[PDB]
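These notes are about the structure you will find just below.
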2 protein chains.
Amino acid sequence: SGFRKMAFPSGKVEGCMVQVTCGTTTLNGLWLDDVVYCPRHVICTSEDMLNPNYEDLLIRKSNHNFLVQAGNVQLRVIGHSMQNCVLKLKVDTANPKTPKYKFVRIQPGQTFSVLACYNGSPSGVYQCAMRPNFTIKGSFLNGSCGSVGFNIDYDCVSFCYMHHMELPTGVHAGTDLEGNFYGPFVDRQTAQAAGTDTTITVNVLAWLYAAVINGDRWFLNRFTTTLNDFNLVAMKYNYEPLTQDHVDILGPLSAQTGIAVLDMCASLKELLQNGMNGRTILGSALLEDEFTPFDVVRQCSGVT
Amino acid sequence: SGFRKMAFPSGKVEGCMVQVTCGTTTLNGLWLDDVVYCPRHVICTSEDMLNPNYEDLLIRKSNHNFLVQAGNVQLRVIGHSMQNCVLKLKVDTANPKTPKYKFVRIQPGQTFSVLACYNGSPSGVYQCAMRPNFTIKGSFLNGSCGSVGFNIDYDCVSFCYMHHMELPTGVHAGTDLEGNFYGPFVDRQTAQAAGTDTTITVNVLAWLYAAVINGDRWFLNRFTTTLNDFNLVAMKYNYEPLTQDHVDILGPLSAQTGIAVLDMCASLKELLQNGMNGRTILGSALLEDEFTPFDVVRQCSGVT
Ligand SMILES: O=C(NCCc1ccncc1)c1ccccc1F
Ligand SMILES: O=C(NCCc1ccncc1)c1ccccc1F
């Protein structure tokens, strides 16, 4: 009973966080096996960040210029390389707390947990989604770069995000753990405007199913619709188009509630057209879109 | 930049979660030093729960009837006792992962992190508040009892909540780690209705300060008020009375923004009277009350 914005337990990731300092810049690194991953902008002065040539700046850096601290113990850097927008610092000690892990590149609308860190130390954990414009709406201050986003599948941590920057609009951009930015963003202090932050329709529908499972049912109506009709309304309200693939993904929730996906679409259509009228769904006055169908099933079934 | 509902990192608590089985009932226990704490209702059949005499039911239980499993290793129970509504199972092995800890009894309006567990295994972490009616709005399924609520102060875990039950209205009740229920609730399957779930005014004001710090400023108005005038409006809207103690607690946020507490009260008064008019504050269409002033300062300053 009840439905919360829920993060994965963070312990397995806490065991991987280190501090990386290059000159006067301190941020976070991820220590897996004998490699520490961090944003390549650790090598930049705030001045460098206006138009950095990373290959040229990196030539001036030696292994001994990368200070890596795990708790209050220094790690020995025996190699460094740049992969896209991350540095890989090879250290002489494998992290003894390395969990089973994968690097995965997520799609827009997929959710993940962020372990916000400063100076290699965990401050908090929260749940994010990759937005359709490839931003995330995080909570990050100076020093949080290198904080990571992840999912867990029982005992395997899938790392999907590393924090790199804040856009002038206070939204966040970063990379996968291969160093490739999500979306069109670059690690330079320049004009980078985000595109339309559309609503993740399939996630909203998942969350309406979660609401019905948890006894919030007032928005259920007498109507149905078609994908094409629903999509006309979605487009008007800057919702993502719903595909048959999304309908298929919602099948288990439909079966759990006995509410046909297209009937739930017709409920969502009325909520878009009519508003909430001062009512709430699962404690929200807006339609929540940062739960995936998989998240709803996981939280409604108590997976560990 | 940005502001998220943020939980404490959970690793230190993950290291304390065990499974407790008595007959056919499995739930979670908290293993600190050589004691495992769990809800006393572990000894009840669902039938027992209608009118349990816990002293009488416990007479039929021996140490060897309490099965305690830490990961896939059995712990040896060498003593048991009932303290209020918790059992303390003395085991022959001190938890090697025991963090620095305290047991604290929180006040209504105080927030904490919950590590939701099943079979002694962590499923997720989320942020809660003790409601003014001494319920919490959690996310708990069968098997989640004994899951705990906590705060961290650097390296010391203050445990404040252990999950015991779900009211017919789908809200949650539990104890401190001395086994005393929050509010009037009992560990019996009976008629237990919650009182008014009033809004935690001081937390709303904290969150409006968080909003201004993070650039959401549209709701700032030209007005001020007095505690007495504000309180007339609070009472009308089922908000908690604001006290001078709350004004004093908001002092650092007032100083950080240069917005007098009573000016922010006048902004909140207009939001109550006028509504949001389809606008959002920090991604919310309602006034959020599960961030304390301490939470806002912590998240806005990046404490680890
Ligand atoms: O440090 C600052 N801004 C960068 C914050 C940031 C957030 C998220 N990810 C990366 C970096 C700052 C501090 C004080 C005053 C003005 C500022 F601009
Ligand atoms: O197991 C059930 N309900 C108790 C859940 C619960 C939640 C939170 N804290 C303690 C207990 C249940 C399962 C299937 C059908 C009907 C039910 F009632």
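Letters A, B, ... go to the chains of the structure tokens in the order shown; residues in each chain start at 1; ligands are counted from 1 in the same order.
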
Enumerate, as a PyMOL selection string, the complete set of residues in segment 133-208 of chain A that a backbone-based DSSP assignment places in alpha helix (DSSP H).
chain A and resi 201-208

What does the list of residues within 7 Å of ligand 1 look like if you count only C-alpha atoms and all ligand atoms, written as a short mmCIF file (atom, residue, chain, number, x, y, z; two decimals) with N, CA, C and O atoms, in the first residue's frame?
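So part.cif came out as:
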```cif
data_model
loop_
_atom_site.label_atom_id
_atom_site.label_comp_id
_atom_site.auth_asym_id
_atom_site.auth_seq_id
_atom_site.Cartn_x
_atom_site.Cartn_y
_atom_site.Cartn_z
N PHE A 140 22.12 18.91 -8.00
CA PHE A 140 23.59 18.88 -8.14
C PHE A 140 24.17 20.26 -7.87
O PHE A 140 23.72 21.22 -8.49
N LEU A 141 25.14 20.34 -6.97
CA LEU A 141 25.86 21.60 -6.66
C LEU A 141 27.25 21.43 -7.22
O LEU A 141 27.59 20.33 -7.66
N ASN A 142 28.04 22.50 -7.19
CA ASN A 142 29.49 22.43 -7.53
C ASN A 142 30.08 21.30 -6.68
O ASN A 142 29.62 21.11 -5.49
N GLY A 143 30.99 20.53 -7.30
CA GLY A 143 31.62 19.38 -6.63
C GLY A 143 30.88 18.08 -6.86
O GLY A 143 31.45 17.05 -6.50
N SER A 144 29.64 18.11 -7.38
CA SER A 144 28.82 16.88 -7.60
C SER A 144 29.20 16.17 -8.90
O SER A 144 28.79 15.02 -9.08
N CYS A 145 29.98 16.78 -9.79
CA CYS A 145 30.32 16.13 -11.05
C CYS A 145 31.00 14.79 -10.73
O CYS A 145 31.74 14.71 -9.76
N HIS A 164 27.99 15.62 -15.47
CA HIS A 164 29.01 16.54 -16.00
C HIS A 164 28.69 18.02 -15.89
O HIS A 164 29.58 18.79 -15.53
N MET A 165 27.44 18.43 -16.06
CA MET A 165 27.21 19.90 -16.06
C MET A 165 25.76 20.30 -15.83
O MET A 165 24.86 19.46 -15.91
N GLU A 166 25.61 21.60 -15.58
CA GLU A 166 24.33 22.31 -15.36
C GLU A 166 24.17 23.30 -16.53
O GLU A 166 25.12 24.07 -16.77
N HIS A 172 20.23 19.35 -16.06
CA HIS A 172 21.53 18.65 -15.96
C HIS A 172 21.81 17.84 -17.20
O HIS A 172 20.87 17.32 -17.83
N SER B 1 21.95 23.26 -8.14
CA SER B 1 20.73 23.57 -8.92
C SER B 1 19.80 22.36 -8.94
O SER B 1 20.30 21.21 -9.00
#
```

Residues within 12 Å of ligand 2, counting only C-alpha atoms and all ligand atoms, as a PyMOL selection string
(chain A and resi 1-3+213-214+300-302) or (chain B and resi 25-28+39+41-42+46+49+116-118+136-147+162-174+187-189)

Using C-alpha atoms, can you write the selected residues to a file as an mmCIF file, in the first residue's frame?
```cif
data_model
loop_
_atom_site.group_PDB
_atom_site.id
_atom_site.type_symbol
_atom_site.label_atom_id
_atom_site.label_comp_id
_atom_site.auth_asym_id
_atom_site.auth_seq_id
_atom_site.Cartn_x
_atom_site.Cartn_y
_atom_site.Cartn_z
ATOM 1 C CA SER A 1 0.000 0.000 0.000
ATOM 2 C CA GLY A 2 1.191 3.507 -0.926
ATOM 3 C CA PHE A 3 3.480 4.457 -3.830
ATOM 4 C CA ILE A 213 -3.633 -0.718 -7.602
ATOM 5 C CA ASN A 214 -3.257 1.593 -4.524
ATOM 6 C CA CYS A 300 3.963 -3.105 -6.464
ATOM 7 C CA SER A 301 5.553 -6.665 -6.162
ATOM 8 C CA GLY A 302 8.386 -5.891 -3.621
ATOM 9 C CA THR B 25 5.599 -15.330 9.531
ATOM 10 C CA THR B 26 8.722 -13.819 7.840
ATOM 11 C CA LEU B 27 9.569 -10.141 8.246
ATOM 12 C CA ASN B 28 12.674 -7.942 8.663
ATOM 13 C CA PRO B 39 8.039 -6.164 15.435
ATOM 14 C CA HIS B 41 3.713 -9.304 15.781
ATOM 15 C CA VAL B 42 6.202 -11.740 14.145
ATOM 16 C CA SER B 46 -3.144 -13.479 10.957
ATOM 17 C CA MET B 49 -3.754 -10.295 15.058
ATOM 18 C CA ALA B 116 11.974 -0.803 2.371
ATOM 19 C CA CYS B 117 12.981 -4.490 2.780
ATOM 20 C CA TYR B 118 11.499 -7.966 2.142
ATOM 21 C CA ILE B 136 3.494 7.990 7.677
ATOM 22 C CA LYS B 137 2.683 7.768 3.987
ATOM 23 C CA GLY B 138 5.065 4.981 2.989
ATOM 24 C CA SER B 139 5.298 2.244 0.365
ATOM 25 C CA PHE B 140 4.980 -1.082 2.193
ATOM 26 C CA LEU B 141 3.695 -4.523 1.082
ATOM 27 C CA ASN B 142 3.252 -7.702 3.161
ATOM 28 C CA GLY B 143 6.724 -8.777 4.388
ATOM 29 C CA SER B 144 7.949 -5.112 4.759
ATOM 30 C CA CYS B 145 7.336 -5.015 8.544
ATOM 31 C CA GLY B 146 10.582 -4.348 10.455
ATOM 32 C CA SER B 147 11.838 -2.057 7.647
ATOM 33 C CA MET B 162 10.244 0.558 12.497
ATOM 34 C CA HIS B 163 7.343 -0.447 10.236
ATOM 35 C CA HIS B 164 4.504 -2.379 11.926
ATOM 36 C CA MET B 165 1.205 -1.985 10.052
ATOM 37 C CA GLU B 166 -1.125 -0.566 7.380
ATOM 38 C CA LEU B 167 -4.407 1.162 8.419
ATOM 39 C CA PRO B 168 -7.536 0.433 6.318
ATOM 40 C CA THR B 169 -6.924 3.909 4.644
ATOM 41 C CA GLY B 170 -3.538 2.641 3.232
ATOM 42 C CA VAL B 171 -1.381 4.867 5.526
ATOM 43 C CA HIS B 172 1.281 3.386 7.822
ATOM 44 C CA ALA B 173 1.921 3.124 11.554
ATOM 45 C CA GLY B 174 4.962 2.013 13.485
ATOM 46 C CA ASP B 187 -0.385 -3.714 16.787
ATOM 47 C CA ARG B 188 -3.847 -5.272 16.460
ATOM 48 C CA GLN B 189 -6.109 -5.679 13.399
#
```

In segment 81-299 of chain B, DSSP strand (DSSP E or B) residues written as JSON, numbers by chain
{"B": [81, 82, 83, 86, 87, 88, 89, 90, 91, 100, 101, 102, 103, 111, 112, 113, 114, 115, 116, 117, 118, 121, 122, 123, 124, 125, 126, 127, 128, 129, 136, 148, 149, 150, 151, 152, 153, 156, 157, 158, 159, 160, 161, 162, 163, 164, 165, 166, 172, 173, 174, 175, 181, 199, 239, 281, 284]}

Considering only C-alpha atoms, state which residue in the set B:242, B:82, B:227, B:6 is at the smallest distance from chain A.
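Selected residue with least distance to chain A: B:6.
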
Between atom CA of residue 18 of chain B and atom CA of residue 69 of chain B, measure the distance and give it in Å to one decimal.
5.7 Å

For atom CA of residue 244 of chain B and atom CA of residue 200 of chain B, the interatomic separation in Å (one decimal):
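Atom-to-atom, atom CA of residue 244 of chain B to atom CA of residue 200 of chain B, that is 14.7 Å.
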
Restricting the calculation to only C-alpha atoms, which member of A:271, A:204, A:253, A:148 is positioned closest to residue 14 of chain A?
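The closest residue to residue 14 of chain A is A:148.
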
Hey, which of A:119, A:192, A:24, A:267 ends up closest to chain B? Count only C-alpha atoms.
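Under the stated criterion, the closest residue is A:119.
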
Let me make sure I understand: among B:160, B:260, B:125, B:177, which one has the smallest atom-to-atom distance to residue 31 of chain B if we use only C-alpha atoms?
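Smallest distance to residue 31 of chain B is found for B:177.
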
Of the candidates B:127, B:110, B:231, B:256, which one gets nearest to chain A if we count only C-alpha atoms?
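Using only C-alpha atoms, chain A sits closest to B:127.
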
So which residues touch residue 65 of chain B within 10 Å, counting only C-alpha atoms, skipping near sequence neighbours fewer than 6 positions away, as number ranges by chain?
B: 21-23, 43, 77

How about saving the chosen residues, C-alpha atoms kept, as an mmCIF file, in the first residue's frame?
```cif
data_model
loop_
_atom_site.group_PDB
_atom_site.id
_atom_site.type_symbol
_atom_site.label_atom_id
_atom_site.label_comp_id
_atom_site.auth_asym_id
_atom_site.auth_seq_id
_atom_site.Cartn_x
_atom_site.Cartn_y
_atom_site.Cartn_z
ATOM 1 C CA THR B 21 10.896 -15.958 10.795
ATOM 2 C CA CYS B 22 8.604 -17.178 13.610
ATOM 3 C CA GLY B 23 6.521 -20.205 12.449
ATOM 4 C CA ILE B 43 4.811 -14.225 16.733
ATOM 5 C CA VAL B 77 19.510 -16.714 19.087
#
```

So the first atom is atom CA of residue 44 of chain A and the second is atom CA of residue 63 of chain A; what is the distance between them in Å, to one decimal place?
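Atom CA of residue 63 of chain A lies 15.8 Å from atom CA of residue 44 of chain A.
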